[PDB]
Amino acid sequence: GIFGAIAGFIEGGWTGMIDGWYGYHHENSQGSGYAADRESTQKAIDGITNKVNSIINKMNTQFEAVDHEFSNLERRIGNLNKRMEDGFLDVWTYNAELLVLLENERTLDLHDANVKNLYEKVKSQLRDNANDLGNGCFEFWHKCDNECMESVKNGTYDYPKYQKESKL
């Protein structure tokens, strides 16, 4: 998907994660479940919202056709008016249609990037204390209780504290 994560070396999304756009699935002895990363979710919501509103705002003018009549001795100005009106119509149709195609492409890339960046921040904490697996999951070489999980998510993991158990 450009950053390579969404559909994906992370093949498939999670219907079970309902509280945000990106985040984490964990499983340990104390149970399993989904939790959204709220900081990167909200930041993306603000970004996309701002995008939508900027497009709306910048497309907030209208060309206005008129329905003036023209006699049979005004074929040239009548046709000039027709060509001008269809002129602006075709310009605005193109601008709207293309903008949507382009922004849609980029909006999917942005989501892809955000997933990828989560993945990389976790990878950087865990090192060899977990095995990658290359599908977005990390099998720990040690035992990771719930505040060990919460530790990974909040960006405070303490590699050394489990470095020993992981070697063995």
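In case it trips you up, residue 1 is the first one in the sequence shown, and so on.
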Higher mean Cα B-factor in the deposited model: 37 to 45 or 133 to 141?
133 to 141
What stretch has the higher average Cα B-factor here, 95 to 103 or 119 to 127?
119 to 127
Comparing recorded Cα B-factors across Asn60, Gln30, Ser54, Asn114, which one is largest?
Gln30
Residue selected from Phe9, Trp14, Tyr22, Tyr159 by maximal Cα B factor:
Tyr159
